[PDB]
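Residue numbers (the working numbering), protein chains in the order written: chain A, 27 to 72; chain B, 9 to 117; chain C, 179 to 355; chain D, 179 to 355; chain E, 179 to 355; chain F, 247 to 357.
Here's the structure we're looking at; comments come further down.
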Amino acid sequence: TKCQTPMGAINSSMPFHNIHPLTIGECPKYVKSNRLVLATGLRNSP
Amino acid sequence: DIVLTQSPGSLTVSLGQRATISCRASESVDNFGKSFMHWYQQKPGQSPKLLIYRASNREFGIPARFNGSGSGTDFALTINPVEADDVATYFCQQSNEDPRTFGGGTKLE
Amino acid sequence: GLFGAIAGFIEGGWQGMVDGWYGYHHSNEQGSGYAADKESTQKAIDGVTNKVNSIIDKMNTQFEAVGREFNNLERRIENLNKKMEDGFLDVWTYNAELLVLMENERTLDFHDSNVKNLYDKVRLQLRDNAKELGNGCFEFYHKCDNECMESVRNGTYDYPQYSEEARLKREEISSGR
Amino acid sequence: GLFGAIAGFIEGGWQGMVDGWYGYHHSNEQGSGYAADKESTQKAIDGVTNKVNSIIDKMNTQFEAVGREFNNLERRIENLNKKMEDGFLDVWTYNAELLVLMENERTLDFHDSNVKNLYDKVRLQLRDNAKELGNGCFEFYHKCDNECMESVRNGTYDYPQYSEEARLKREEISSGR
Amino acid sequence: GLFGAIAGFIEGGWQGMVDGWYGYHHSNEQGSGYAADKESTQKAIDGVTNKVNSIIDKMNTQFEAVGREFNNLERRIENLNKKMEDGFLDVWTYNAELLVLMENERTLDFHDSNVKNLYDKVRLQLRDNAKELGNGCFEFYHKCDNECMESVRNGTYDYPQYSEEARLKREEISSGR
Amino acid sequence: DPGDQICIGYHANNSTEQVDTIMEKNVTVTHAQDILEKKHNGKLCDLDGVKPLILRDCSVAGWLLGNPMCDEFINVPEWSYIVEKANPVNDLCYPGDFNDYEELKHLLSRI
Ligand SMILES: *[C@@H]1O[C@H](CO)[C@@H](O[C@@H]2O[C@H](CO)[C@@H](O[C@H]3O[C@H](CO)[C@@H](O)[C@H](O[C@H]4O[C@H](CO)[C@@H](O)[C@H](O)[C@@H]4O)[C@@H]3O)[C@H](O)[C@H]2NC(C)=O)[C@H](O)[C@H]1NC(C)=O
Ligand SMILES: *[C@@H]1O[C@H](CO)[C@@H](O[C@@H]2O[C@H](CO)[C@@H](O[C@H]3O[C@H](CO)[C@@H](O)[C@H](O)[C@@H]3O)[C@H](O)[C@H]2NC(C)=O)[C@H](O)[C@H]1NC(C)=O
Ligand SMILES: *[C@@H]1O[C@H](CO)[C@@H](O[C@@H]2O[C@H](CO)[C@@H](O)[C@H](O)[C@H]2NC(C)=O)[C@H](O)[C@H]1NC(C)=O
Ligand SMILES: *[C@@H]1O[C@H](CO)[C@@H](O[C@@H]2O[C@H](CO)[C@@H](O)[C@H](O)[C@H]2NC(C)=O)[C@H](O)[C@H]1NC(C)=O
Ligand SMILES: *[C@@H]1O[C@H](CO)[C@@H](O)[C@H](O)[C@H]1NC(C)=O
Ligand SMILES: *[C@@H]1O[C@H](CO)[C@@H](O)[C@H](O)[C@H]1NC(C)=O
């Protein structure tokens, strides 16, 4: 990998991860959140 | 397949001089910023021996006379000064991409 | 929502308009159909795309924990190390989560704005050559064939060309038919 | 403010409408009166309530100072401890103060929006069956009794049913007598 | 942008109006000219000025690095000191940059709002005594001299006073010329 | 008789993707973008090229001092990171203490 965690490696393009804060390598940035989703499209009807 | 071609095939060098063996890769063997080339020494009549890993660093217990050099498509094992117990055939092998491929090998006299 | 167009005076969207975020439904003698304003939709895509990159980019530098070990009589600095590192994780998590929540509102209202503005673009083109029906639709006072529809969709609508026909219908409308 | 309704084209509010944030004043032969719009008022309440809760909730994890003591030759880590703990108090305070300032603006404009949108709801129902007076009020071209008033307030206004009576008045009105 | 006015239905601004951000161009027999709306321009200036001061002021307390030195066997606290101090520089840098970006959007959308609202102040005054042309301009159905222009710009336009002259003109227009 | 019509409108689909907002949770949207990675592969790996020095039941002390049970690590090649168990069985076989042990471990974080 480009990124290793004490629980395992990450292979990801995402800007964030929530695996473990102590990483080495070229990693995403750790946050405590369970869920992070940006809106891109618009509000869905039904 | 990454075809590895060593040159020259056979090299005779005077004692106490410089042996310079080359390697040329069909495609690069060189990502993550490091070169994934390796040099191996086969003294006659026995199994091959590990000299250099990732193209530049000596394996423990290898004399400094061995200069691993190169980057990308072409590399070079430099033995200097050449000693008596250096008669062997030298191999370069890449690990950048299966299937693991070796050089033809270069015999030193 | 804020601009009152999406899930407002236009109630619900069109499953059958697949080639864009905003667009038109037309209905005349030659049939009916969906279309899209590519250009407005594109500005939205450009906008939202820049927004997502801008979020990613500003969060690029950000605290990165490191392991340090401490012995049984360095408990105070060990705690200070923990709390310090936790402290930043909490801060960045707050920054990140709140950024997401806040920009979502902006993004959704952005779209709502985009649909209103498009409607208003059309509204001020047609004027009294069409009748505002109130649900997002216009009912023309004149005949508008497929060429004419395209002219409306592209800002090309010629008001003078139909104004005579429009005023003639209103005249029949005043008479009661 | 942003939407130009609260303290804009509607100048000042109604001290006399107590059972909601937004609503109607009507006036006809049968009397006059105030009436809240329940659904818009409720959406506002849902929104502001969720908003205030979200603020409380996001500030739930957040730096918590702890006391640690240090002796007279641990001044550097004692200082490092102070500046660290102060550093976070300053950050959270900024985050908290700035969140409040930004969300107040959003809240006030939210209301402004809600009102414009309520106004536009009536506007696109009535159309030319009423005259836009410019002050937040509509004057009907036809008689609108207590039953009819309720129909406007709740989405049920039938335009076709009155459209005939309306067009008849405008005719008298247009000639000047 | 969001309100569709600046670089929207009013396409491009006036190089020749120097004494304000928003205002009027009028045109009649007696000539033409530009004129700033003092009150909106002042509110905008008041608005942006308070905003900038509020930004400066909230960033007033904020982390201030201090030099501390450490010896060759205090590598762990030297690192913890470094990362901590860097940790705050990053947070504040994020805070400053993101604040600028979010408020620039708000500022630009603020102006867009101000122009829409100014246009709408004129629109709901004139009503059908003038014709909405769709480009930011109104064409009067009656003669409006330099004095009358001023009355519109400052809130004083009397609709009943011209309403008679307007309806007479609309009749000629209906005949077709 | 009815007249022609043009409507302005917007995209809908069968997405059940959901975003949160300050005023409203679980808003269902036409399109969305996840930005959190929650998945890993559960293994310790080579990092860019380089295998880590995975000590097994040896400790960092155990390794450097060369506890007999740590013979596997007598002469290690370049490594990318070191991995140490919470409580290595093979540490200071002869009881004692390792001075500035943590400060030394800190030095290893750079080697
Ligand atoms: C939104 O408001 C609309 C306007 O009120 C409602 O529409 C109305 O619904 C009923 C239809 O059944 C009706 O309203 C009643 O209100 C009158 C008040 O004076 C009442 O007098 C009428 O008759 C009543 O009394 C007589 C005897 O005196 C009985 O015969 C009747 O059965 C009744 O008890 C009248 O029924 C209106 O007809 C109708 N409005 C219009 C304009 O037609 C909507 O129902 C409301 N929507 C919702 C969702 O609440
Ligand atoms: C907004 O500006 C308006 C234009 O100046 C102003 O209305 C004007 O006020 C008085 C009405 O009594 C008149 O001013 C004088 O102008 C001529 C100068 O040649 C005199 O000969 C007149 O007799 C008159 O006294 C203007 O006629 C009048 N203009 C209009 C269009 O009504 C308003 O007062 C201003 N608004 C406020 C709140 O002050
Ligand atoms: C969302 O799903 C529904 C149901 O699966 C789709 O409705 C179908 O539409 C097709 C043609 O558009 C019909 O042939 C099917 O009979 C419909 N299904 C049912 C159960 O009636 C709908 O088209 C889907 N929307 C999108 C955008 O894919
Ligand atoms: C938003 O929607 C999610 C997903 O439907 C909800 O998460 C569920 O929460 C309930 C109890 O609150 C659980 O029983 C479910 O198992 C959860 N779903 C999942 C997929 O984990 C969430 O509660 C909703 N939030 C709000 C505020 O309505
Ligand atoms: C290997 O050869 C290169 C190129 O001549 C030289 O610069 C380098 O110093 C040599 N490396 C060693 C370890 O002698
Ligand atoms: C809109 O129509 C005009 C005139 O027909 C044309 O020049 C222009 O390219 C069209 N734009 C699009 C996006 O189709």
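Just so it is clear, CB atoms sit at the ideal spot from N, CA and C, and this is done for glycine as well.
query	result
Listed by chain order, chain C residues near D:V244 by CB distance under 9 angstroms	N257, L258 and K261
Residues sharing a beta bridge with B:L116, DSSP	B:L19
Close Cβ partners of D:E256 (< 7 angstroms) along its chain, the five nearest in sequence each way excluded	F248
Cβ of F:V273 within 8 angstroms of any chain A Cβ	yes
D:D235 to D:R305 span [Cα, whole Å]	44 angstroms
Check: D:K229 C-beta below 7 angstroms from any heavy atom of ligand 4	no
Reference D:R331, options D:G211, D:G191 and D:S341, closest by Cα	D:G211
Classification of E:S291 by the beta-carbon crowding that lies within 10 angstroms, buried from 16 upward	buried
Neighbouring residues, chain E, relative to D:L304 (Cβ below 8 angstroms)	The contacting residues do not exist; D:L304 stays about 15 angstroms from chain E at best.
Length at least 3, wholly inside the stretch 208-267 of chain D: the beta strand (DSSP E) runs in chain order	209-214
Cβ pair C:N324, C:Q208 closer than 8 angstroms	yes
Residues of its chain near E:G194, where Cβ-Cβ distance is below 7 angstroms and the 5 sequence neighbours each way are ignored	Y212
Residues whose Cβ lies closer than 7 angstroms to any heavy atom of ligand 4, in chain order	F:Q264, F:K271 and F:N272
Chain-order list of residues whose beta-carbon lies under 6 angstroms from that of E:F181 (same chain, five-residue window excluded)	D290, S291 and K294
Residues of the stretch 51-77 of chain B with Cβ closer than 9 angstroms to any Cβ of chain F, in chain order	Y61, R62, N65, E67, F68 and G69
Counterpart residues of A:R69 in DSSP-defined beta bridges	F:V275
Bridge-paired residues (DSSP) for C:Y200	F:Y256
Test item: CB-CB of C:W192 and F:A258 under 8 angstroms	yes
Closer than 6 angstroms: residues whose CB approaches a heavy atom of ligand 1	D:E325, D:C326, D:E328, D:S329, D:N332 and D:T334
Beta-bridge pairing of D:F318 - partner residues as DSSP gives them	D:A308
Proximity test, C:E217 beta-carbon vs ligand 6 heavy atom, cut-off 7 angstroms	yes
Where C:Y202 meets chain F, residues with beta-carbon distance less than 8 angstroms	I252, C253, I254 and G255
C-alpha gap between E:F288 and D:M280, whole angstroms	14 angstroms
DSSP-derived helix/strand/coil call for C:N206	strand
Contact list for the stretch 193-220 of chain D against chain F, Cβ threshold 7 angstroms	none
Closer than 9 angstroms at the beta carbon, the chain F residues around C:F248	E348
Option nearest C:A243 by Cα separation, candidates C:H204, C:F318, C:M237 and C:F266	C:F266
F:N259 CB to nearest heavy atom of ligand 3 below 7 angstroms	yes
Stretch pair the stretch 89-109 of chain B + the stretch 35-52 of chain B: three plus CB contacts closer than 8 angstroms	yes
C-beta atoms of B:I29 and B:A63 nearer than 8 angstroms	no
CB contact check: A:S38 to chain C, cutoff 8 angstroms	no
Neighbourhood of B:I70 by C-beta distance below 6 angstroms, restricted to the same chain and skipping five residues each side	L59
A:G34 (DSSP reduced to helix, strand or coil)	strand
Buried versus exposed call for F:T267 [16 or more other C-beta atoms within 10 Å across all chains shown]	buried
Chain F within 8 angstroms of B:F83, Cβ atoms only	no
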